[PDB]
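> sequence plus experimental coordinates follow:
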Amino acid sequence: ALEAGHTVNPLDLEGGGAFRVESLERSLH
Amino acid sequence: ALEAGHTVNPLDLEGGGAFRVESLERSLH
Amino acid sequence: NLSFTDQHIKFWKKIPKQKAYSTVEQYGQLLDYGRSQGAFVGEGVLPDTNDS
Amino acid sequence: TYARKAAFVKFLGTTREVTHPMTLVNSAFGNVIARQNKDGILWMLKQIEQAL
Amino acid sequence: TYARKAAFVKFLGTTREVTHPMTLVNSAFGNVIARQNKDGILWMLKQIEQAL
C-alpha cells in the first residue's frame, strides 16, 4: 500500500512519502 | 543577522531558512 | 426536473483554480518589515540592527 | 511684540546586514539583499510617518 | 522500506596580517603577500586533511 500520508517532516518520511518532492510557491505573499 | 541555519522541519523556519529551496539528489541509492 | 441545476452554483465557479503537484502544498508569507525599536540615534552614532 | 524661535535638526537611521553564506545559497524569492533593502526602507518610512 | 537523510555544511577559515612598513622594505625572497597566502593555503590543506 504505497501512499503519501500527509507527513511534513522530511526525516520522518516512510513508504510512498519518500517519493515526494516539495511543492512550494515561488512568489512571496 | 540574516543567516541560513540547519533547520530541516519546514514549519520551524524563522529567519533566512524560509528563503531556502530544498536541495535533493535525484538518484536513489 | 423539480430540483436545482448547474446555473445555481456560484462560489465553485468564482474561486480561482491552481494545479497541485503533491499532497502537501507549501507557501511563504511576509509578516513584518522589522521590529519597532526606535529610529533616532544621535549625531555620528551607528544605528542598531533590525530583522523582519 | 516680536519673538524669535529656533528649531533643531534631528537624526534617524537603521542598520541591516546579511551573512556571506546567505548570499551563496539558492533563494526562493529572488535576491535577498534587495528584499532586505526594501524592508528597511519601508520600516523607516513607517517610523517617520508615526513620528510626524 | 525507504528512508530520507540530511547533511549539514560547515565552515573553515583563517586570517593573515601584514604591517604597512613591511610591504615597503626590500625582500630577499620575493613578495611577502604571496608567501603568506601560500602558507595559509597549505595550513588549511593540512587542517582539512586531518578533519576528514
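Received, thanks. Residues are numbered from 1 along each chain as shown, chains lettered A, B, ... in the order given.
> tell me where chain C has strands.
Taking DSSP state E, the strands of chain C run over residues C:25-26.
> which parts of chain A sit against chain D?
Neighbours of chain D within chain A, by C-beta under 8 Å from any C-beta of the partner chain: A:24, A:26, A:27, A:28. Where you see a C-beta, it was placed from the backbone N, CA and C, and this is true even at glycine.
> including secondary structure, distance to chain C and neighbour count, could those residues go into a markdown table?
As requested, these are exported to a markdown table (DSSP: H, G, I helix; E, B strand; the rest coil; distance: C-beta to the nearest C-beta, whole Å; neighbours: other C-beta atoms under 10 Å in any protein chain shown):
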| residue | secondary structure | distance to chain C | neighbour count |
| --- | --- | --- | --- |
| A:24 | strand | 4 | 15 |
| A:26 | coil | 9 | 10 |
| A:27 | coil | 9 | 9 |
| A:28 | coil | 6 | 14 |
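> of those residues, list those near chain B.
Restricting those to those near chain B by C-beta under 8 Å from any C-beta leaves residue A:24.
> ok, so of the residues of chain A next to chain D, who is nearest chain B?
residue A:24 (7.1 Å; C-beta to the nearest C-beta).
> residues in contact with the closest residue in space to that closest one that isn't next to it in sequence?
Nearest non-adjacent residue to residue A:24, counting by C-beta to C-beta, 6 or more residues apart in numbering or on different chains: residue C:26, 4.4 Å away. Taking C-beta atoms under 8 Å, 6 or more residues apart in numbering or on different chains, we find residue C:26 in contact with A:22, A:23, A:24, A:25, B:10.
> now the residue in chain A that chain E sits nearest to: phi and psi?
Going by C-beta to the nearest C-beta, chain E is nearest to residue A:18 of chain A, at 4.1 Å. For residue A:18, the backbone dihedrals (degrees, to the nearest 10) come out as phi -70, psi -20.
> three-state assignment of the nearest residue in space to it that is not next to it in sequence?
Of all residues beyond its chain neighbours, the one nearest residue A:18 is residue E:2 (4.1 Å), with distances taken as C-beta to C-beta, 6+ apart. Assigned with DSSP: H, G, I helix; E, B strand; the rest coil, residue E:2 falls in the coil class.
> wait, what's in contact with residue E:2?
A:13, A:14, A:15, A:18, A:19.
> farthest-separated two in the residues you listed?
Greatest spacing in the contacts of residue E:2, by C-beta to C-beta: A:14 and A:19 (10.8 Å).
> leaving aside the residues adjacent along the chain, what's closest to residue 14?
You didn't pick a chain, so chain A it is. residue E:2 (6.8 Å).
> could you do chain D instead?
Residue D:14 sits nearest to residue C:47 (C-beta to C-beta, 6+ apart), 5.0 Å away.
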